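Q: First, the structure itself, so that you have it in front of you.
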Amino acid sequence: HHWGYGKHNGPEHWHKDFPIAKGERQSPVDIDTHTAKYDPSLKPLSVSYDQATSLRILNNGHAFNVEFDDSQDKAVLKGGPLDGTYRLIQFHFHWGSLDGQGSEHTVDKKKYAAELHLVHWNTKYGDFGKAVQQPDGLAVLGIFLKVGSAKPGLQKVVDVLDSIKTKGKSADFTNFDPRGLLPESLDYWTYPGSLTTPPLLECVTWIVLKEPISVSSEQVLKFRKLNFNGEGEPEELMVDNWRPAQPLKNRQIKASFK
Ligand SMILES: CC(=O)[C@H]1CC[C@H]2[C@@H]3CC[C@H]4C[C@H](OS(N)(=O)=O)CC[C@]4(C)[C@H]3CC[C@]12C
Ligand SMILES: [Zn+2]
């Protein structure tokens, strides 16, 4: 009886195996745009993905992960609210059964169709596993998806999903350029938070871009054809793999923009 997104193992159950689920810096949150304070001390985000080397895509039974070779100093996130340099290890999405839900962060209670997370670890802690034990171990770049025009840079991801339909399936996924998933503007909100799945560790500096990317109805429909279940198990469509907004508690959301 492992955690997942269902009635019997979903977010409202996670606290039993992961008591930090009710902690002081849990993610995601609602971003109240009127209460978020412009912080002129925040720096422009530095997103340097020119040398990003993707290796593989994996269906882990919760989402699909596009994994990167993080063995060298290549794909790095720095500046914005961050001290030092954070290395890209993977990206994944959260999405809905319908276009009206799927994002984890909300903006004045608005839910987007999906949310992209680019996960980076603080190079001062030497690897991903050690970084998640630290309050400044990870920087996750969150990007909203709305349904409209296709995102051409997403299509290589969409086209490989047929080959990883079920939990435990992986596929070679080399030479994927994550710059094709970024919106024009790097205006952002930032706050201290957590992983949004178990183990829910409070190790994340969240950086959530204000500008969504547009993806087509056809692109997101192909996300919704994936399966939570393994090959030769009863079909459970991989939809609604999002955690709802959690209490903000003693936290300030800061805006990079006026
Ligand atoms: C058991 C482990 O080795 C830990 C160390 C790093 C952990 C990961 C930390 C990064 C997060 C990001 C991701 O979610 S999110 N939505 O907070 O960006 C899901 C869990 C995952 C992959 C974690 C899975 C458990 C990992 C691999
Ligand atoms: Zn995520």
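Going through the structure tokens in order, the chains are called A, B, and so on, while each chain numbers its residues from 1 and the ligands are numbered from 1 in the order shown.
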Please identify all protein, DNA and RNA residues within 7 Å of ligand 2, counting only C-alpha atoms and all ligand atoms, and report them as an NGL selection string.
A: :A and (92-94 or 116-117 or 196)
Q: Counting only C-alpha atoms and all ligand atoms, what are the residues, protein, DNA or RNA alike, that approach ligand 1 to within 8 Å? I want them as number ranges by chain.
A: A: 27, 91-94, 117-119, 128-132, 138, 140, 194-201, 204
Q: What are the closest atom pairs, with distances in Å to one decimal, for each residue of range 99-135 of chain A lying within 10 Å of range 208-230 of chain A, using only C-alpha atoms, rows by chain and rising residue number, as a tab-separated table?
A:
```
residue	atom	partner	partner_atom	distance
A:99	CA	A:217	CA	8.3
A:105	CA	A:208	CA	8.2
A:107	CA	A:210	CA	8.9
A:112	CA	A:212	CA	8.6
A:113	CA	A:220	CA	8.2
A:114	CA	A:220	CA	8.3
A:115	CA	A:212	CA	8.9
A:116	CA	A:213	CA	9.5
A:117	CA	A:208	CA	9.1
```
Q: Tell me, which residues of range 86-156 of chain A carry DSSP helix (DSSP H, G or I), written as a PyMOL selection string?
A: chain A and resi 123-125+128-131+152-156
Q: What is the distance between CA of residue 9 in chain A and CA of residue 161 in chain A, in Å to one decimal?
A: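 Atom-to-atom, CA of residue 9 in chain A and CA of residue 161 in chain A are spaced 24.9 Å apart.
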Q: For residue 80 in chain A, which residue among A:235, A:39, A:104, A:30 is the nearest when counting only C-alpha atoms?
A: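 Selected residue with least distance to residue 80 in chain A: A:39.
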